[PDB]
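A.B. asks:
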Amino acid sequence: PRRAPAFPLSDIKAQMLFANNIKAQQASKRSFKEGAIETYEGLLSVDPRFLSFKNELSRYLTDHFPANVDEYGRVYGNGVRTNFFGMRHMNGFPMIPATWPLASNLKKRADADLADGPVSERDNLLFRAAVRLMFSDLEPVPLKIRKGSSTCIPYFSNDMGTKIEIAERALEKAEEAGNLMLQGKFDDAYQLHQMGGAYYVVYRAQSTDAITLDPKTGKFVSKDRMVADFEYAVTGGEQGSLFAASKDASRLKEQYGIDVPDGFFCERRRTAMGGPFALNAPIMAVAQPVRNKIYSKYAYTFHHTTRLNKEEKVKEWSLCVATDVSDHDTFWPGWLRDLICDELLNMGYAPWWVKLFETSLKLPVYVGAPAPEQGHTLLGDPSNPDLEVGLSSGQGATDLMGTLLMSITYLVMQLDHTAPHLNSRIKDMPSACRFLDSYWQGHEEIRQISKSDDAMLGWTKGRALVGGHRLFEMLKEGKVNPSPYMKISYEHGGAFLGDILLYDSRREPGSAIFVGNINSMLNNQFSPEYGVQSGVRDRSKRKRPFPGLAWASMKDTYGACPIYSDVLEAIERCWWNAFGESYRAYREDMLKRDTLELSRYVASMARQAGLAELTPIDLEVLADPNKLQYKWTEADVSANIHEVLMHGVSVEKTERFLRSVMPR
Ligand SMILES: [Mn+2]
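Using the entry's author numbering, you'd call the opening residue of the sequence shown number 1 and step up by one each time.
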């Protein structure tokens with residue numbers, strides 16, 4: 001077990017991060033957040049007539065529109081793969097209590113029996129190769145940072161200039177400080193450079209849940225959310241328990257007294273964590289160029305834009321295999337850290353910085369108020385941290401890790417069960433070089449698309465495919481997973497970033513095609529996550545700028561879903577059945593007001609010039625900036641609002657900085 005030390009919230013270390021101000025001390029002292037999101041301004045999540053609108057919506061429509069994914073998990077028909085009832089929650093009120101994150105799933109990795117290192121030593125070499133290349137050619141470019149992004153841990157300053165001082169001083173003595181950590185002087189850099197420190201628990205909120213109608217009596221059973229307690233946590237999955245949080249709304253018919261219409265539970269309380277940036281500066285400064293690298297040197301498996309972007313790569317394929325990933329974060333191996341740091345150093349990457357990683361990569365955490373009468377438990381010991389808490393959200397390069405080991409285990413498994421004889425062209429580390437290059441160049445029969453956990457796969461004429469069918473079959477059975485690092489199933493109802501690949505009768509990659517999910521659109525409408533906090537002059541702080549945009553963008557967006565317009569029918573209809581009015585004109589006017597609001601926000605798009613400057617994708621990024629923090633990469637935005645969203649960082653300081661960090 002070995003508890004990760006449970007220091008009281010009160011601690012000087014707890015202070016050193018925070019600016020010891022308003023939001024700082026408050027966040028230290030923060031109570032459990034709760035509150036209906038103003039799901040539309042002038043419209044919370046709680047309106048009962050709108051709740052009946054959900055009622056008609058998910059009921060009458062799922063009724064009319066049952067899912068069309070086949071046995072293989074490959075998709076046909078309407079292309080629905082999902083209950084519409086995932087709307088049906090307190091989508092402003094979280095399902096409570098909450099999990100307590102572990103410190104070591106290593107035994108949990110020994111339960112899923114996830115491997116402690118290489119399968120074959122060849123595989124080791126493979127690891128070393130992906131590492132070899134992700135740690136290879138570099139063309140540094142100026143770093144950039146979100147405007148209005150709170151410094152979070154440490155100080156929680158909203159000021160950009162804070163982030164400036166932090167990141168720049170980090171550019172100045174990350175060497176000295178990472179050395180201090182190598183010297184073990186964690187708190188010295190942590191209290192002078194204020195580098196590193198801790199994570200702060202926050203929430204992702206699953207907007208939906210797998211509500212399941214009961215034919216025999218109409219029960220609406222959302223998927224249960226098994227979660228750890230503090231003991232299951234500190235005793236790395238050892239003691240403690242795994243358990244659903246209460247889904248009930250009557251507990252707010254209790255507490256809030258709020259009326260409880262059918263099927264309306266409460267959104268899942270997934271938990272991200274914030275953390276110090278000064279080390280994330282080197283992270284973006286390289287990875288973002290590395291992002292650009294693989295997107296340039298390769299893309300292919302890597303480029304992510306239009307469904308077209310992907311589809312074109314796909315229908316090509318004789319065979320295609322959407323992936324399905326178990327708890328994507330927690331499962332990341334620490335021996336993987338071992339090889340990371342290994343070949344970092346082997347390839348001259350800066351040992352102090354390497355120490356900086358391992359610091360962050362096992363950085364101490366903190367729990368706020370997971371339930372009322374819970375948390376405010378400081379965790380870990382920033383003097384000898386040892387956490388194996390899995391992929392903490394504070395890193396942005398975690399995506400690199402996911403995309404990594406996933407692509408690994410994918411391709412590997414393809415060797416394992418489709419192309420072992422072909423491993424013969426993988427004679428060594430250099431062979432792994434030409435190869436991996438070529439595979440991310442795609443000049444291979446076995447194939448993939450990848451983005452963190454989400455991924456797919458591909459195959460062709462040439463002497464390897466039938467085993468692809470086989471491995472396909474086994475995984476489709478899922479009866480045993482060959483993967484010793486992950487529980488990777490096929491996703492029945494598989495998709496890639498909401499690109500729901502469709503199949504026809506032939507069920508082929510060349511058959512039917514991706515669609516932008518329309519149910520997902522419904523989510524965008526009604527089951528997203530955040531409110532805006534309208535009580536601020538600038539929307540830059542606001543979680544969710546301009547929803548009306550998505551309205552207009554809808555065909556341009558998820559009109560990729562064939563049945564699109566019928567969805568329009570249903571929405572407008574059900575709204576006339578709801579508030580008895582024009583959600584049409586409603587949302588139109590919301591769009592108009594979006595243009596109004598943005599109008600003063602924007603200059604070069606002179607007055608209300610029109611929205612022609614913004615890509616429909618960037619339009620998606622403007623109704624939805626938020627996924628840019630966990631979907632869109634930064635460069636994607638057109639430079640205008642890109643800068644409205646982001647601010648530049650000096651190329652030079654970062655340059656020489658990398659020159660230090662890089663083996664030159
Ligand atoms: Mn998808």
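Ideal placement from N, C-alpha and C gives every residue a C-beta, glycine not left out.
Taking the beta carbon of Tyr630 as the centre, do at least 16 other beta carbons fall within 10 Å, making it buried, or is it exposed?
C.D. replies: Around the beta carbon of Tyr630, fewer than 16 other beta carbons lie within 10 angstroms, which makes this residue exposed.
A.B. asks: Thinking C-alpha only, which one of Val234, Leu9, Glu267 and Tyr256 is nearest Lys223?
C.D. replies: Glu267
A.B. asks: What's the C-alpha gap between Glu652 and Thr208?
C.D. replies: 45 Å
A.B. asks: Please indicate yes or no: does the CB of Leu457 lie closer than 7 Å to some heavy atom of ligand 1?
C.D. replies: no
A.B. asks: Evaluate contact between the region 174-190 and the region 319-331, counting only Cβ atoms and requiring at least three cross-stretch pairs below 8 Å.
C.D. replies: Pairwise C-beta distances place the region 174-190 out of contact with the region 319-331, as fewer than three of them are shorter than 8 Å.
A.B. asks: With distances taken from each beta carbon to the nearest heavy atom of ligand 1, which residues come in below 5 Å, in chain order?
C.D. replies: Here the list is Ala495, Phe496, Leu497, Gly498 and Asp499.
A.B. asks: Any chance the region 403-417 sits against the region 112-131, with 3 or more Cβ pairs inside 8 Å?
C.D. replies: yes
A.B. asks: For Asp324, list the residues DSSP reports as bridge partners.
C.D. replies: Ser489
A.B. asks: Just the C-alpha distance for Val602 and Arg539, rounded to the nearest angstrom, thanks.
C.D. replies: 12 Å
A.B. asks: Mind checking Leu345: buried by the 16 CB within 10 Å criterion, or exposed?
C.D. replies: Label assigned to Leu345: exposed.
A.B. asks: How should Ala606 be labelled, buried or exposed, when 16 other C-beta atoms within 10 angstroms of its C-beta is the threshold for buried?
C.D. replies: exposed
A.B. asks: Is it the case that the Cβ atoms of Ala244 and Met226 are separated by a distance below 8 Å?
C.D. replies: yes
A.B. asks: Using three-state DSSP, classify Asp499 as helix, strand or coil.
C.D. replies: The answer is strand: DSSP assigns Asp499 an E or B state.
A.B. asks: In its own chain, which residues sit with a C-beta less than 6 Å from the C-beta of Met87, not counting the 5 before and 5 after it?
C.D. replies: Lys54, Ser58, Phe526 and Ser527
A.B. asks: What would DSSP say about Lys555, mapped onto helix, strand or coil?
C.D. replies: helix
A.B. asks: Could you pull the DSSP bridge partners for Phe243 from this structure?
C.D. replies: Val227
A.B. asks: Report the three-state DSSP secondary structure of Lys476 (helix, strand or coil).
C.D. replies: The answer is helix: DSSP assigns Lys476 an H, G or I state.
A.B. asks: Would residue 724 be called buried (16 or more neighbouring beta carbons within 10 Å of its own) or exposed?
C.D. replies: This structure gives no information on residue 724, because the portion of the chain shown stretches from 1 to 664.
A.B. asks: Check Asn91 in the structure and name its three-state DSSP category.
C.D. replies: strand
A.B. asks: Indicate whether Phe514 and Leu522 have their beta-carbon atoms separated by less than 8 Å.
C.D. replies: no
A.B. asks: For the beta strand (DSSP E) that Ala371 lies in, which residues bound it at each end?
C.D. replies: Note, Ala371: premise wrong, no beta strand (DSSP E); not H, not E.
A.B. asks: My understanding is that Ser10 touches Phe186, with C-beta atoms under 8 Å, so please give their C-beta distance in whole angstroms.
C.D. replies: Contact doesn't hold; Cβ gap of about 19 Å is too wide.
A.B. asks: If we count the other Cβ atoms within 10 Å of its Cβ and call it buried at 16 or more, is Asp259 buried or exposed?
C.D. replies: exposed
A.B. asks: What did DSSP end up calling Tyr366 once you bin it into helix, strand or coil?
C.D. replies: strand
A.B. asks: Going by DSSP in three states, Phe50 sits in which element: helix, strand or coil?
C.D. replies: helix
A.B. asks: Quick one: what does DSSP say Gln15 is sitting in, helix, strand or coil?
C.D. replies: helix
A.B. asks: Starting from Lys144, trace the beta strand (DSSP E) in both directions and tell me its first and last residue.
C.D. replies: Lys144 to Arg146
A.B. asks: Give the straight-line distance between the Cα atoms of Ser424 and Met413, rounded to the nearest whole angstrom.
C.D. replies: 15 Å
A.B. asks: Using the Cα positions of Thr615 and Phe7, report the straight-line distance between them to the nearest angstrom.
C.D. replies: 49 Å
A.B. asks: Could you tell me the alpha carbon to alpha carbon distance between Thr212 and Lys253, rounded to whole angstroms?
C.D. replies: 23 Å
A.B. asks: Using the C-alpha atoms, what's the distance from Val389 back to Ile408?
C.D. replies: 21 Å
A.B. asks: State the Cα-Cα distance for the pair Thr82 and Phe65, rounded to the nearest angstrom.
C.D. replies: 10 Å
A.B. asks: Looking only at its chain, what residues have a beta carbon closer than 7 Å to the beta carbon of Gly375, apart from the 5 residues adjacent to it on each side?
C.D. replies: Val367, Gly368 and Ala369
A.B. asks: With a CB to CB cut of under 8 Å and the five nearest residues on each side skipped, what residues in its chain are close to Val644?
C.D. replies: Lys147, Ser540, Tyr601 and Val602
A.B. asks: Can you tell me the Cα-Cα spacing of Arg573 and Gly493, whole angstroms?
C.D. replies: The straight-line gap separating the alpha-carbon atoms of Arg573 and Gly493 is approximately 28 Å.
A.B. asks: Among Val365, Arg337 and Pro364, which has the Cα closest to the Cα of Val354?
C.D. replies: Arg337
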